[PDB]
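Please read the structure below before turning to the comments.
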Amino acid sequence: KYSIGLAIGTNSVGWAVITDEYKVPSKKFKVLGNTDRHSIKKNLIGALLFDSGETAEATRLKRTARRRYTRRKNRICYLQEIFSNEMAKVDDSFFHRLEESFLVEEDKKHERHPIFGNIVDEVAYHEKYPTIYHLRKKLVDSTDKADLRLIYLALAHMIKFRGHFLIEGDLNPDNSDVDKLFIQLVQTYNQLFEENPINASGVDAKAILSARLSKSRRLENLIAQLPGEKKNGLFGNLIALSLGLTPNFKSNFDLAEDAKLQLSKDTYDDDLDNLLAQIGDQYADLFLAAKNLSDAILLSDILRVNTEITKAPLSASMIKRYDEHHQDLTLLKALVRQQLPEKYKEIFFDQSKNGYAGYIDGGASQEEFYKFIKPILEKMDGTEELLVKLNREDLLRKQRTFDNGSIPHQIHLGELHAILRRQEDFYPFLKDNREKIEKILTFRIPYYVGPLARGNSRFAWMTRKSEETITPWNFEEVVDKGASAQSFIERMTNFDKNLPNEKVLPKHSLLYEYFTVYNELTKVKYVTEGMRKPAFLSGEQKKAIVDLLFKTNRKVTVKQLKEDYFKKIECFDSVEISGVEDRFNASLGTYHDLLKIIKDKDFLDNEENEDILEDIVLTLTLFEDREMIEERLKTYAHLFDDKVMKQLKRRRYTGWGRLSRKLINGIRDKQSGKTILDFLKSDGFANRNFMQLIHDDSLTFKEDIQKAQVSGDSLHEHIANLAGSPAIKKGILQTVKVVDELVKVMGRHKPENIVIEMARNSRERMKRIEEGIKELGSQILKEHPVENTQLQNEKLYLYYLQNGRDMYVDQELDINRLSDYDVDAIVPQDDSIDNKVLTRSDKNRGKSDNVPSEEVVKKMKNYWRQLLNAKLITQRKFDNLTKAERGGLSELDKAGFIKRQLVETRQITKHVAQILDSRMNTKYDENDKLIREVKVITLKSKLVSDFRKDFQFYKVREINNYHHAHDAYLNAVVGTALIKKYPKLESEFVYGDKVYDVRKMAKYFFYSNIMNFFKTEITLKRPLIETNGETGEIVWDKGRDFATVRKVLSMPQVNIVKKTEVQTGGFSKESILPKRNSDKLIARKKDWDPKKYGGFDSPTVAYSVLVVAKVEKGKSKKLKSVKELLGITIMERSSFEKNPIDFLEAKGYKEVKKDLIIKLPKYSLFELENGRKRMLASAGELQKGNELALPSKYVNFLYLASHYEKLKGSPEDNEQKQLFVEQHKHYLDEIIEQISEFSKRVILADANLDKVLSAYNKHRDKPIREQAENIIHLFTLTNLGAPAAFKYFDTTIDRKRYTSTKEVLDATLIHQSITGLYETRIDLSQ
RNA sequence: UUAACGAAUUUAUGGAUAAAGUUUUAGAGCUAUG
DNA sequence: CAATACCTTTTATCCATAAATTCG
DNA sequence: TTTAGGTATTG
RNA sequence: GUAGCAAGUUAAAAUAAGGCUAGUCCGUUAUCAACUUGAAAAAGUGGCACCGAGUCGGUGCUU
C-alpha cells in the first residue's frame, strides 16, 4: 500500500512516500522522554543533511611525513653513533649541546653555544662561515685538518637534507664542463678512428647540447654544426647516447640482431659487454667517455653557474647568492639613504611591513617582498642592474628556499664524498667508515618493501630473513627484498569473483590460456551435408584442433579450421560453423612465446611440467627488477640450457586475469570426479559453457560456490567495497539506513516500489568558429565581430557555426532578432550543440513528428557537409541531419533515441540497486528462482529535471532546503508512473532478470518523447484518465493527481534532519604560535611551557559534555552549583573516556552528577521558547535551527523571476512566463516581508536585518530580474546552518554569530532518528 | 571494463622520497642621552 | 558581556593496484 | 579551494 | 625609556600530545540520535482512519 522515493547526493539523502493515487501520508508518532508532549503528527516525507565524506588521501599524506620525520632523526642518529666514540675525545658534551639547542638558557643544562662551548669561538665561527654553505666549500676544498665539530656539522647537514632521488646512477664532480667532456668524446673517437677522424674545430658544444629542446632536436643541431655526418652515422649514435636518447649501433656494425643502449634503463652496463665483446674491449674506453658526457648534460641544467674552480659547485652556488645579496643590499640600502631616506625606517626596520625587515624578521615571502619593493625600485636612479635582477627573480635571495629540491641528492653526495676524502688522512674512523657513512645519505627504503614492521603495522607487508634490527648497511641480509616485491603486488591483486578465497591467476598464465581456448571451443557447432542436425564439437576434436592448429600458429581464423582440420583430417569438403565468429578470439600466446625461447615442444606438452610453467609466468609477470627474476628462476636453470635462460629473463608479462587455479582445475564434482576444465573438453553431445557449468543444479558447482561466498558480510564491507567517491558512499549507507527505517514505520511491511536517483568551455566557443571560417574563407567573422564571453547564448552561438544561413531554408539571417527564430533539435526531444540548430521556423523541417524532411535535405545536404569539413558541425549532427535519406528515424532507430536516454549508465547506481533489491527479497519460492516482491527502479535525474520545468514545479536551491525531499517526491511520482504504463521496460529500468525486446516501436507509443503522457495537452491530444492498455490498471489522472502534487510540494512541514557527528581528526590548528601568557596555548611537548617556547591554539572540540556540579568562587572559595557545557577536545577525549569523573574533577568540577552527564555531538538539536531551533555547533557556539517555508507561488515565481538562462522553452509559453513576472510584481514586497517575521521568530538577528530592510528600500527602481536575484542572497541569512556573509547589490552584510550557549541549557533537547520521525525529547532543569 | 583483446585519462587505496613553512634558542649590536 | 575583526601549513617527485570512463 | 569555528580586543 | 647608526641571507631542535606491541612501528579516513540487551559486532523498542495546514492541528474507533 506504499512506495518509497529516494534522491541521493553528496550531502543529502532525500526521501518521500507515495500512495496508489500519489498522496504523501502522515502519522502520529510517539515522543519519548520526560516532556509533556507525548505525541506528534509528521509527514512521511523528509531529507537528511550531512557533512561530506572525507577521503583518506589527506590523512595518508600526513602519514608519509610522520614516517619521513621518524626516519630522518634516525639518519642523523646514525651519524652520531659513528662519531660518539671518537667525538667524546674532542668535545665531552658537543651532542648534548645540540640536543638542547631549543631549550631557553634557564632550562639549558649545558653551555648556550653549540658548536663550541665558549662564547668567543662561536662568534668567530659565524664570522668566518656565515652559512653552512660557506663551510661546505672549505671542508671540500682545503687540505687543512679541519675541526671534527665542523666536519660533523657539514656532513650531518647533507644527511639531514639529501635532495631528491629522482635520478638513478651517479654524477661526478669532474663532469660539469660539457665541452671539456665533449672534446674527450671527440678525442677518444680520434685515437680509435684514423680512417674517419673528426674535428671539433669551433662547435659550441655548451650551447647546443644543454638546451630545453627535445632530446632529438639538440642531436640534429649538433651534427648539423659538424661538417656533415649522419645522425645514423656512428658519431651521432654516440651523441644521441649522451642525449637522454636511445640509439642503435647495429647499422654501423650490421650485427645480426638490434642492440640499442639507453642510459636511464637498467639494461645498460650488462648490454654493453654483450655488444662490446663482438667489436672488442678497445672500444669500451669510448663508451665510458660518452656516458660521462650524459652525466655532464644532466647536471648542466641543475647547476648552471661556472663550477671549474671547485669540487663543490652547489655550496659555491650558494656562496655567490650570499655575496650578491650582501652587495645588492648595500646598494639598495645606500640608494634609499641617498634619495629617499624617509621610507628607510619602514623598509628595513618594520617587521610587519613586508620590507626587507619583513622579508627576514617578519613573515613575508620572497614573492611578497619582491612585489612590495618593485614600485620603489623604479623611482630611484641606477635601478636597472637591480630591476633586471628582480624580473630575473634573483634579487636578495635566501640560500634555503622553495626552488631547491630540484637539486638531485647526487650533487650533495658529491660534496659529502669530497669532505670525507679530504679529511680521512687525519681521522682514522672517517677512512674506515667512509662507505658506511655515504650509505646513510644514499639509502632509501625501496617502495616495494614497505614499512619495516614487526607484525604490528596494518600497512606493512614485508618479510624478513633474520629477526634482527634493520639498518641501511645490513638491509639486503635482513630483508627479503624479492618475496616482499611479490607480497607487494599480491596484496593489491584482485581475488576470484566466483571463488573469492583463492587468488587470481596471471592473465598470461598458461592454464588461463587453455581454459580460455576451450571455453570458446565447447560452444562451436558444425553442420555438414552428411549430418541431419548441427552438433557440438565432440571430445576428440577439441583436443585434436588444439594440438593441430593452436599450438602451430598464433591466431586461428575460421577458414583455417574448415581447410586445415575439417577438410584435411575428417575429409569434409564443405561445412558451416555456427558457434565461432570470423576468427578464434582466444590464442595460446604464452605457449608460442615460451615455445620460441626453450624450443622443446615435447617440454611444453608434458602435463608434469604445468606446475613449472605456471611459476615462470607468475615470476615473470610479477617482478620489475632484472636481478630478482634471476633469483627465482635459478631453481629452473638445470632443466635449461645457459643460452635459453638469457632470453627468459627478458620477456616480461603484464596483466592479471579473472579466475583462480582452484576454480578451473581444483574444484571437482563429487559425483563426476571431474573439474571445470575437464568438463570443457568431453562434455558429451552437449558441450556446456563456463557459466552453464556453475549454473547446473545437478553439478556440485552451484552448491560448492555458495559455500565459499556466504562464509556474506555486514553492511559496511558490502558498502565500502563499492568503487567510487568515498563521500557518495556515505549517502548510500545513509540512504540504506533510511529505507530500513521506513519499513519499520509501515508496520514491518515491504513496499511495492522503490525509486533511487543520484545527482552528478568559455574559449572553446571562440576556437570552433575561428578555424571554421578560416577554412570556409567567408568574411562573416570580419563583417561582424563578437567576444569570448558571449557564446554561452545558444541562438548567437548557433548562428556562428551555421555561418548566418539557416540549414532548413538557405538564406541570410538577421543578427538582431533571434527571439523570433526557433532553436530546432535535429531529433525531437537533445539540447546540446550536437543536436541543436537555429532556423526562422521549426515547421520548415516538415512534420515535427518526422526527421527534417527530404525537401530541406535536397536543398541543404551540401551546406551541412561544408560545415562538417570545417568542424562547424559534428559527425553525429550531420548523420542525424542526413538520416532522412536512410529512411529517416527508423522505428529501430527511434527506439535507440529514447531507450539510451532513459537508462542509467553509472556503475555505482547499479550496485546501489543490488544493495537495495537483495536486502528486500529474502524469500525464495519452492523453485530455485528468486521471488521479486520489491521493485527497485533507477531513475535518471534529467527526467524529473525537465518535469518540474515542464509542469510548473520550479526548483530554487537557495531559498530553502526542502527541495531535497522535493526531488525525492518528484522522483517517486515520475518513477512509478513510467513503470505503471510500461511493464515491457521493467528489465530496462528495474534490476530484474525480466527480459525486454527492442522489436516493438503492446505497440505503445509512436512518439519518440517518453515524457508525453503526463501532459494534459501536448504540442503537436491525450485523455486526462490514463490506464495501461493490457491490464486496465488506472495509472494517471491529469485532473486528479496533479492537484495533490503541487499540494505536496507546497507542504510547509517536511522532516529535515542534520546527522549528528562527533568531530574527529586533527587536534588543533596546525600552525605553531609564538610564546604567550595565554591559557589557551596548548603545549607542543611536555617539558616546554608554551609561555616560554610557544605552542598550539584553537583545539577542535570532538564533542561537548553537559556538567552539573559545584565550583569554588572568589577568595571566599564558596561552593556554588553551576550547570554549563564542557568541551571535550580530540586530544582530551581518550583521557576523558577512561575516567570521566577523575577527569572532570581535574578540570575543576566538584560533586558532579554522574547520572546526568550528557555527551552532546556536533549539530545537536535544541528547541527553546517559541519553537525556534538551535543546533549546537560547539561547546561555546550555536547554529541556525529553522527552515523558512516560502510559499510555492514565490518559489515558482523566483525561478521565473531570476530569469534562469534567459528562456529555453517554447516562445508562446515564455510570454505568459514573462507576464507572470509583472502580474506577481508586487511579490517582492511579500518575499521581503516573509523573512522579517521569520527573522524575529527564529533568527534573532535584528542588528543585521535592519540594514537589510533599509537596503531593499533603496533599490526599488532597479529592474525585477536584477532585483529578485539579489533578493535570493538574503535567504542565506535565514538558511539552516551556519551564519555566513551575504551581499545585496553593492552592500556586504556580515554574519550574526551566537557566541553564547547559555540559552540551550534551559531548552528541550531533541534526539531524532535517521528519518526524523521517532524522537525522545528532554527538558533540561538543574 | 566490452557480445572479445588493447590503449588513455580520471578517481579510489597503498608505498618510497623531496624542498618550504612555523616555533625556541645560538650567531656579544654599538654610540651619544639618566 | 555582546559585538568586531582576524585567524586558519603548503608545494613538489616517483612506483604499484583497482574500478569507471571514453577511446580504439 | 573557501568554511565556519577560536581567539583576542574594543568602546 | 628616546633619538641616531651598524646589522640581516645561516644554523641546531620539534613538527599532531603521545602509545606499547618498543617496530628505522603506530597516532587526523571510514563508522555514530535515544532507550533496553551486549566486551563488541549487533539485535530489540514507537495502534489506525478521517477532516484539514505556517514547520503539525483536531476528532472518531481500538488502546
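Identifiers in this document derive from the order of the C-alpha cells: chains are assigned A, B, ..., residues are numbered from 1 separately in each chain, and ligands are numbered from 1 in order of occurrence.
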Output as CSV one row per residue of chain A within 12 Å of chain D: the closest atom pair and its distance in Å to one decimal place, counting only C-alpha atoms (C1' of nucleotides), sorted by chain and residue number ascending.
residue,atom,partner,partner_atom,distance
A:51,CA,D:3,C1',11.8
A:1068,CA,D:6,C1',10.0
A:1069,CA,D:6,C1',9.5
A:1076,CA,D:8,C1',11.9
A:1078,CA,D:8,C1',10.0
A:1079,CA,D:7,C1',11.5
A:1080,CA,D:7,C1',8.8
A:1081,CA,D:7,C1',10.7
A:1096,CA,D:6,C1',11.6
A:1097,CA,D:6,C1',7.9
A:1098,CA,D:6,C1',5.1
A:1099,CA,D:6,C1',7.9
A:1100,CA,D:5,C1',8.7
A:1101,CA,D:5,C1',9.8
A:1162,CA,D:5,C1',11.8
A:1176,CA,D:5,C1',11.7
A:1177,CA,D:5,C1',8.1
A:1178,CA,D:5,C1',7.7
A:1179,CA,D:5,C1',10.5
A:1180,CA,D:5,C1',9.5
A:1181,CA,D:5,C1',7.7
A:1182,CA,D:5,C1',9.9
A:1183,CA,D:4,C1',10.2
A:1281,CA,D:4,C1',10.0
A:1282,CA,D:4,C1',7.0
A:1283,CA,D:4,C1',8.1
A:1284,CA,D:4,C1',7.9
A:1285,CA,D:4,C1',10.8
A:1295,CA,D:4,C1',10.6
A:1296,CA,D:4,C1',11.9
A:1297,CA,D:5,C1',9.8
A:1298,CA,D:5,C1',11.0
A:1299,CA,D:5,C1',10.1
Selected residues written out, N, CA and C atoms, as a compact mmCIF listing (two decimals), in the first residue's frame:
# COMPACT_ATOMS: atom_id res chain seq x y z
N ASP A 51 27.39 16.24 6.74
CA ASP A 51 28.69 16.66 6.24
C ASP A 51 29.29 15.59 5.33
N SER A 1068 44.05 20.29 16.67
CA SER A 1068 44.05 21.74 16.81
C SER A 1068 44.57 22.31 15.51
N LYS A 1069 44.46 23.62 15.37
CA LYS A 1069 45.09 24.25 14.22
C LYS A 1069 46.58 23.92 14.18
N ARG A 1076 53.16 33.07 24.49
CA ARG A 1076 52.18 33.97 25.09
C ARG A 1076 52.00 33.62 26.55
N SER A 1078 48.85 33.43 27.51
CA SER A 1078 47.52 32.83 27.49
C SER A 1078 47.49 31.44 28.08
N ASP A 1079 46.28 31.06 28.47
CA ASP A 1079 45.97 29.71 28.93
C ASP A 1079 45.27 28.86 27.86
N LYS A 1080 45.02 29.42 26.66
CA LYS A 1080 44.56 28.62 25.53
C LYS A 1080 45.72 28.11 24.68
N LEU A 1081 46.95 28.37 25.11
CA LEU A 1081 48.12 27.91 24.38
C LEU A 1081 48.39 26.47 24.78
N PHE A 1096 50.49 25.41 20.40
CA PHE A 1096 49.27 25.29 19.63
C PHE A 1096 48.16 26.16 20.21
N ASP A 1097 47.09 26.19 19.44
CA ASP A 1097 45.95 27.06 19.64
C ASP A 1097 44.75 26.41 18.96
N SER A 1098 43.56 26.87 19.31
CA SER A 1098 42.34 26.53 18.59
C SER A 1098 42.09 25.01 18.47
N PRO A 1099 41.97 24.32 19.60
CA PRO A 1099 41.66 22.91 19.55
C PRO A 1099 40.31 22.71 18.92
N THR A 1100 40.19 21.67 18.13
CA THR A 1100 38.88 21.26 17.70
C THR A 1100 38.20 20.51 18.83
N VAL A 1101 36.87 20.70 18.95
CA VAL A 1101 36.07 20.14 20.04
C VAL A 1101 35.39 18.88 19.52
N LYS A 1162 28.21 17.29 17.68
CA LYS A 1162 28.02 18.47 16.86
C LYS A 1162 26.71 18.36 16.11
N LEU A 1176 23.65 22.93 18.14
CA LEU A 1176 24.87 23.16 18.89
C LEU A 1176 26.06 22.89 17.99
N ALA A 1177 26.77 23.96 17.61
CA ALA A 1177 27.90 23.86 16.68
C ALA A 1177 29.22 23.75 17.40
N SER A 1178 29.22 23.98 18.69
CA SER A 1178 30.41 23.87 19.50
C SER A 1178 29.96 23.80 20.94
N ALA A 1179 30.90 23.51 21.83
CA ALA A 1179 30.62 23.73 23.24
C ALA A 1179 30.19 25.17 23.49
N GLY A 1180 30.75 26.13 22.76
CA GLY A 1180 30.54 27.54 23.00
C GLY A 1180 29.85 28.32 21.90
N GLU A 1181 29.51 27.68 20.78
CA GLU A 1181 28.85 28.33 19.65
C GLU A 1181 27.60 27.57 19.26
N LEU A 1182 26.65 28.29 18.67
CA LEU A 1182 25.39 27.73 18.20
C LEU A 1182 25.18 28.02 16.72
N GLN A 1183 24.23 27.30 16.13
CA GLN A 1183 23.97 27.37 14.70
C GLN A 1183 22.47 27.41 14.41
N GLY A 1281 21.79 26.33 9.21
CA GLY A 1281 23.22 26.07 9.21
C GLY A 1281 24.04 27.26 9.68
N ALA A 1282 25.11 27.48 9.05
CA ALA A 1282 25.85 28.47 9.79
C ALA A 1282 25.60 29.87 9.28
N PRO A 1283 25.72 30.85 10.16
CA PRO A 1283 25.75 32.24 9.72
C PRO A 1283 26.92 32.46 8.77
N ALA A 1284 26.60 32.90 7.56
CA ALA A 1284 27.64 33.30 6.62
C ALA A 1284 27.25 34.62 5.99
N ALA A 1285 28.24 35.26 5.38
CA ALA A 1285 28.10 36.63 4.89
C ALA A 1285 27.38 36.65 3.54
N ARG A 1295 27.82 38.33 9.02
CA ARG A 1295 27.10 37.27 9.71
C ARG A 1295 26.87 37.62 11.19
N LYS A 1296 25.85 36.97 11.77
CA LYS A 1296 25.50 37.13 13.18
C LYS A 1296 25.79 35.85 13.94
N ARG A 1297 26.93 35.79 14.63
CA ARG A 1297 27.34 34.58 15.35
C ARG A 1297 26.92 34.58 16.82
N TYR A 1298 26.49 33.40 17.30
CA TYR A 1298 25.81 33.21 18.59
C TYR A 1298 26.82 32.76 19.64
N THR A 1299 27.61 33.70 20.16
CA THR A 1299 28.80 33.27 20.89
C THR A 1299 28.49 32.83 22.32
(request) Would you kindly return, as a VMD selection string, each protein, DNA or RNA residue with an atom no farther than 9 Å from any atom of residue 28 of chain E, considering only C-alpha atoms (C1' of nucleotides) and excluding same-chain residues fewer than 4 positions away? (result) (chain A and resid 58 to 59 62 1064 to 1067) or (chain E and resid 16)
Keeping only N, CA, C and O atoms (P, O5', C5', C4', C3', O3' and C1' of nucleotides), write the selected residues as a PDB file, in the first residue's frame.
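Here's the written file result.pdb:
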ATOM      1  N   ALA A  58      44.020  12.925   2.302  1.00  0.00           N
ATOM      2  CA  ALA A  58      44.538  13.948   3.191  1.00  0.00           C
ATOM      3  C   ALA A  58      45.244  13.305   4.370  1.00  0.00           C
ATOM      4  O   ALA A  58      46.341  13.720   4.747  1.00  0.00           O
ATOM      5  N   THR A  59      44.652  12.247   4.920  1.00  0.00           N
ATOM      6  CA  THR A  59      45.242  11.574   6.061  1.00  0.00           C
ATOM      7  C   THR A  59      46.539  10.898   5.700  1.00  0.00           C
ATOM      8  O   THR A  59      47.552  11.040   6.410  1.00  0.00           O
ATOM      9  N   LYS A  62      49.684  12.895   5.619  1.00  0.00           N
ATOM     10  CA  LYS A  62      50.232  13.115   6.947  1.00  0.00           C
ATOM     11  C   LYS A  62      51.030  11.934   7.379  1.00  0.00           C
ATOM     12  O   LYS A  62      52.064  12.086   8.029  1.00  0.00           O
ATOM     13  N   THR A1064      36.017  14.392  14.554  1.00  0.00           N
ATOM     14  CA  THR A1064      37.313  13.699  14.632  1.00  0.00           C
ATOM     15  C   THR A1064      38.391  14.406  13.804  1.00  0.00           C
ATOM     16  O   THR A1064      38.063  15.261  12.942  1.00  0.00           O
ATOM     17  N   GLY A1065      39.660  14.042  14.045  1.00  0.00           N
ATOM     18  CA  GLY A1065      40.751  14.454  13.179  1.00  0.00           C
ATOM     19  C   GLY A1065      41.832  15.219  13.835  1.00  0.00           C
ATOM     20  O   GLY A1065      42.374  14.702  15.002  1.00  0.00           O
ATOM     21  N   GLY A1066      42.338  16.272  13.336  1.00  0.00           N
ATOM     22  CA  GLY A1066      43.456  16.942  13.886  1.00  0.00           C
ATOM     23  C   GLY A1066      43.066  17.630  15.171  1.00  0.00           C
ATOM     24  O   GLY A1066      42.006  18.246  15.278  1.00  0.00           O
ATOM     25  N   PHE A1067      43.986  17.567  16.129  1.00  0.00           N
ATOM     26  CA  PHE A1067      43.754  18.035  17.484  1.00  0.00           C
ATOM     27  C   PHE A1067      43.378  19.486  17.488  1.00  0.00           C
ATOM     28  O   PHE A1067      42.505  19.887  18.247  1.00  0.00           O
TER      29      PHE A1067
ATOM     30  P     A E  16      54.324  14.783  12.592  1.00  0.00           P
ATOM     31  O5'   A E  16      53.083  14.202  13.399  1.00  0.00           O
ATOM     32  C5'   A E  16      52.950  14.297  14.831  1.00  0.00           C
ATOM     33  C4'   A E  16      52.173  15.516  15.344  1.00  0.00           C
ATOM     34  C3'   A E  16      51.820  15.518  16.834  1.00  0.00           C
ATOM     35  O3'   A E  16      52.906  15.956  17.644  1.00  0.00           O
ATOM     36  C1'   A E  16      49.987  16.331  15.531  1.00  0.00           C
TER      37        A E  16
END
(message) When DSSP is applied to the backbone of this structure, which of segment 36-272 of chain A are assigned helix (DSSP H, G or I)? Write them out as a ChimeraX atom specification.
(response) /A:56-90,94-99,119-128,132-141,148-160,178-192,205-209,215-225,234-242,250-253,269-272
Go through chain A residue by residue and, counting only C-alpha atoms (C1' of nucleotides), keep those with an atom at most 6 Å from chain B; for each kept residue give the shortest atom pair and its distance in Å to one decimal, ordered by chain and increasing number, as CSV.
residue,atom,partner,partner_atom,distance
A:101,CA,B:25,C1',5.7
A:102,CA,B:25,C1',4.9
A:113,CA,B:26,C1',5.6
A:163,CA,B:18,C1',5.9
A:164,CA,B:18,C1',4.9
A:402,CA,B:20,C1',5.0
A:404,CA,B:19,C1',5.7
A:405,CA,B:19,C1',4.5
A:446,CA,B:16,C1',5.8
A:447,CA,B:16,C1',4.0
A:450,CA,B:15,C1',5.7
A:1072,CA,B:22,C1',5.4
A:1093,CA,B:24,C1',5.3
(message) Counting only C-alpha atoms (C1' of nucleotides), a student should be able to say which residues of chain E come within 10 Å of chain A; what is the right answer, written as a ChimeraX atom specification?
(response) /E:8-18,21,23-35,41-42,46-48,53-57
Expected file: the selected residues, C-alpha atoms (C1' of nucleotides), as a PDB file, in the first residue's frame:
ATOM      1  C1'   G E   8      70.215  40.902   8.373  1.00  0.00           C
ATOM      2  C1'   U E   9      70.684  35.735   3.827  1.00  0.00           C
ATOM      3  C1'   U E  10      72.862  30.809   8.279  1.00  0.00           C
ATOM      4  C1'   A E  11      72.131  27.065  11.747  1.00  0.00           C
ATOM      5  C1'   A E  12      70.523  23.127  15.594  1.00  0.00           C
ATOM      6  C1'   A E  13      65.790  21.004  17.653  1.00  0.00           C
ATOM      7  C1'   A E  14      60.427  19.789  17.130  1.00  0.00           C
ATOM      8  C1'   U E  15      56.911  19.003  13.522  1.00  0.00           C
ATOM      9  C1'   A E  16      49.987  16.331  15.531  1.00  0.00           C
ATOM     10  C1'   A E  17      50.021  15.204  22.806  1.00  0.00           C
ATOM     11  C1'   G E  18      51.767  10.824  22.553  1.00  0.00           C
ATOM     12  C1'   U E  21      53.349  -4.214  20.857  1.00  0.00           C
ATOM     13  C1'   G E  23      58.918  -1.798  15.313  1.00  0.00           C
ATOM     14  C1'   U E  24      64.276   2.527  11.308  1.00  0.00           C
ATOM     15  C1'   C E  25      56.219   0.501  14.139  1.00  0.00           C
ATOM     16  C1'   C E  26      51.857   3.351  15.103  1.00  0.00           C
ATOM     17  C1'   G E  27      48.995   8.021  16.154  1.00  0.00           C
ATOM     18  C1'   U E  28      43.844  13.209  11.516  1.00  0.00           C
ATOM     19  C1'   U E  29      39.799   8.065   6.599  1.00  0.00           C
ATOM     20  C1'   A E  30      35.571   5.141   7.310  1.00  0.00           C
ATOM     21  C1'   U E  31      31.592   4.289  11.373  1.00  0.00           C
ATOM     22  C1'   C E  32      27.893   7.105  15.482  1.00  0.00           C
ATOM     23  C1'   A E  33      20.093  10.184  17.563  1.00  0.00           C
ATOM     24  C1'   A E  34      17.670   7.746  22.064  1.00  0.00           C
ATOM     25  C1'   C E  35      16.317   3.639  25.402  1.00  0.00           C
ATOM     26  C1'   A E  41      29.731  -6.984  16.074  1.00  0.00           C
ATOM     27  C1'   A E  42      24.926  -6.481  16.503  1.00  0.00           C
ATOM     28  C1'   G E  46       7.125   3.617  18.875  1.00  0.00           C
ATOM     29  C1'   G E  47      -2.194   1.289  17.264  1.00  0.00           C
ATOM     30  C1'   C E  48      -5.116   3.258  12.894  1.00  0.00           C
ATOM     31  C1'   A E  53      -2.251  23.164   7.010  1.00  0.00           C
ATOM     32  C1'   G E  54       2.922  28.455   8.564  1.00  0.00           C
ATOM     33  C1'   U E  55       7.002  23.950  10.408  1.00  0.00           C
ATOM     34  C1'   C E  56       1.645  19.645  12.525  1.00  0.00           C
ATOM     35  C1'   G E  57      -3.696  20.744  14.493  1.00  0.00           C
TER      36        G E  57
END
(request) Provide as JSON, numbers by chain the residues of chain C at most 9 Å from chain A, counting only C-alpha atoms (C1' of nucleotides). (result) {"C": [2, 8, 9, 11, 12, 13, 14, 15, 16, 17, 18, 19, 20]}
(request) Please identify all polymer residues within 12 Å of residue 3 of chain B, counting only C-alpha atoms (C1' of nucleotides), omitting same-chain residues fewer than 3 positions from it, and present them as a list in words. (result) residues 580, 581 and 585 of chain A
(request) Would you mind reading off the distance between atom CA of residue 257 of chain A and atom CA of residue 233 of chain A, one decimal, in Å? (result) 18.0 Å
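Across the structure, atom CA of residue 179 of chain A and atom CA of residue 393 of chain A are spaced 28.7 Å apart.
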(message) When DSSP is applied to the backbone of this structure, which of segment 743-921 of chain A are assigned strand (DSSP E)? Write them out as a VMD selection string.
(response) chain A and resid 753 to 756 822 to 825 836 to 839
Selected residues written out, N, CA, C and O atoms, as a PDB file, in the first residue's frame:
ATOM      1  N   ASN A 753       7.132  -0.489  -4.561  1.00  0.00           N
ATOM      2  CA  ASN A 753       8.081   0.242  -5.390  1.00  0.00           C
ATOM      3  C   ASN A 753       9.121   1.018  -4.590  1.00  0.00           C
ATOM      4  O   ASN A 753       8.851   1.474  -3.471  1.00  0.00           O
ATOM      5  N   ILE A 754      10.321   1.150  -5.189  1.00  0.00           N
ATOM      6  CA  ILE A 754      11.425   1.952  -4.666  1.00  0.00           C
ATOM      7  C   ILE A 754      12.092   2.693  -5.827  1.00  0.00           C
ATOM      8  O   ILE A 754      12.460   2.066  -6.826  1.00  0.00           O
ATOM      9  N   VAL A 755      12.222   4.022  -5.717  1.00  0.00           N
ATOM     10  CA  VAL A 755      12.814   4.869  -6.771  1.00  0.00           C
ATOM     11  C   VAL A 755      14.060   5.593  -6.229  1.00  0.00           C
ATOM     12  O   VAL A 755      13.942   6.478  -5.370  1.00  0.00           O
ATOM     13  N   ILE A 756      15.248   5.245  -6.773  1.00  0.00           N
ATOM     14  CA  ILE A 756      16.540   5.831  -6.405  1.00  0.00           C
ATOM     15  C   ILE A 756      17.059   6.678  -7.565  1.00  0.00           C
ATOM     16  O   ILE A 756      16.976   6.278  -8.730  1.00  0.00           O
ATOM     17  N   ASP A 822      13.556  29.972 -34.102  1.00  0.00           N
ATOM     18  CA  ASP A 822      13.465  28.870 -33.156  1.00  0.00           C
ATOM     19  C   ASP A 822      14.778  28.100 -33.107  1.00  0.00           C
ATOM     20  O   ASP A 822      15.445  27.920 -34.130  1.00  0.00           O
ATOM     21  N   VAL A 823      15.150  27.644 -31.915  1.00  0.00           N
ATOM     22  CA  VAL A 823      16.196  26.635 -31.811  1.00  0.00           C
ATOM     23  C   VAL A 823      15.536  25.298 -32.097  1.00  0.00           C
ATOM     24  O   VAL A 823      14.507  24.957 -31.499  1.00  0.00           O
ATOM     25  N   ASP A 824      16.097  24.549 -33.033  1.00  0.00           N
ATOM     26  CA  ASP A 824      15.453  23.343 -33.517  1.00  0.00           C
ATOM     27  C   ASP A 824      16.379  22.160 -33.299  1.00  0.00           C
ATOM     28  O   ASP A 824      17.531  22.172 -33.746  1.00  0.00           O
ATOM     29  N   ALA A 825      15.870  21.139 -32.624  1.00  0.00           N
ATOM     30  CA  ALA A 825      16.616  19.905 -32.460  1.00  0.00           C
ATOM     31  C   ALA A 825      16.464  19.055 -33.716  1.00  0.00           C
ATOM     32  O   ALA A 825      15.370  18.955 -34.280  1.00  0.00           O
ATOM     33  N   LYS A 836      21.430  20.673 -31.803  1.00  0.00           N
ATOM     34  CA  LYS A 836      20.731  21.955 -31.852  1.00  0.00           C
ATOM     35  C   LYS A 836      21.050  22.701 -33.146  1.00  0.00           C
ATOM     36  O   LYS A 836      22.203  22.739 -33.589  1.00  0.00           O
ATOM     37  N   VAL A 837      20.009  23.302 -33.737  1.00  0.00           N
ATOM     38  CA  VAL A 837      20.054  24.072 -34.980  1.00  0.00           C
ATOM     39  C   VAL A 837      19.112  25.255 -34.772  1.00  0.00           C
ATOM     40  O   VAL A 837      18.098  25.143 -34.078  1.00  0.00           O
ATOM     41  N   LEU A 838      19.461  26.409 -35.341  1.00  0.00           N
ATOM     42  CA  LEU A 838      18.635  27.612 -35.248  1.00  0.00           C
ATOM     43  C   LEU A 838      18.122  27.974 -36.644  1.00  0.00           C
ATOM     44  O   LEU A 838      18.926  28.229 -37.548  1.00  0.00           O
ATOM     45  N   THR A 839      16.785  28.001 -36.815  1.00  0.00           N
ATOM     46  CA  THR A 839      16.100  28.403 -38.055  1.00  0.00           C
ATOM     47  C   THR A 839      14.887  29.286 -37.746  1.00  0.00           C
ATOM     48  O   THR A 839      14.354  29.271 -36.634  1.00  0.00           O
TER      49      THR A 839
END
